[PDB]
Amino acid sequence: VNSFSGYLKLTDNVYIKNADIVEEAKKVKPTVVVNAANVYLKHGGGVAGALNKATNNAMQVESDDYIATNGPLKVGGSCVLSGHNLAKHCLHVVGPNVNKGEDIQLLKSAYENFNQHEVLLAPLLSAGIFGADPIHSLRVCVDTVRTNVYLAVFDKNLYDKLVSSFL
Ligand SMILES: CN1CCN(c2ncnc3[nH]ccc23)[C@@H](CO)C1
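If you use the entry's author numbering, the sequence shown corresponds to residues 3 to 169, in order.
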């Protein structure tokens, strides 16, 4: 039993809700919140910009030190950093950005990072400003993640379409 509330159950391990991931994280304080990161951990917009804003830019400060030490992530890769005031940990995961021409096959590799964590609050990878089809992202999530994932979908219209079209 966990404290996630109001989710629709899609499969044995995947749950979904129309919610602002920032507000969900502040309420639940999950062990792991997933960020829709880029390889430079530049949290300018989309989910990343919103999460970073909610940390008063502390996420960005920590991220800049991480990059200065380690260099950029790989597309499809991840790193674990602090969750600041939102969660114990933030798993920064880089899905392919279609608006940069990156290979959508890397979306499965991106979701594989979730399997290193027993329970996560997450957005749909590569959705939103990353330019991928969110219906496809949900399919890859369900077919790749085996740990317990609670998906927050900001857009109510999109949430309804994801549920109604889910196979
Ligand atoms: C795939 N898209 C991208 C972003 N988005 C979010 N989902 C949850 N929390 C969020 N905070 C800022 C954006 C955002 C959904 C659309 O409302 C899904």
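Heads up, the beta-carbon is just placed ideally off N, CA and C, and yes, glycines get one too.
Residue environment for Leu-122: buried (at least 16 other C-beta atoms within 10 angstroms of its C-beta). When DSSP reads this structure, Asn-150 sits in a beta bridge with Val-121.
The Cβ atoms of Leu-109 and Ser-128 lie closer than 7 Å to each other. If you check the CB distance, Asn-150 and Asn-20 do not come in under 7 Å. Counting C-beta pairs closer than 8 Å gives fewer than three between the stretch 102-119 and the stretch 41-58, which falls short of the contact rule. Apart from sequence neighbours up to five positions away, the residues of its chain that approach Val-147 with a beta-carbon distance below 6 Å are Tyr-113, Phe-116, ordered along the chain.
When the five nearest sequence neighbours on each side are left out, the beta carbons in the same chain lying within less than 6 Å of the beta carbon of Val-77 are those of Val-96, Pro-98, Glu-104, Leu-108, in order along the chain. With a cutoff of 6 Å, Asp-162 does not count as near ligand 1, since its C-beta is closer than that to no heavy atom of the ligand. Taking the Cα positions, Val-30 is about 31 Å away from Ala-70.
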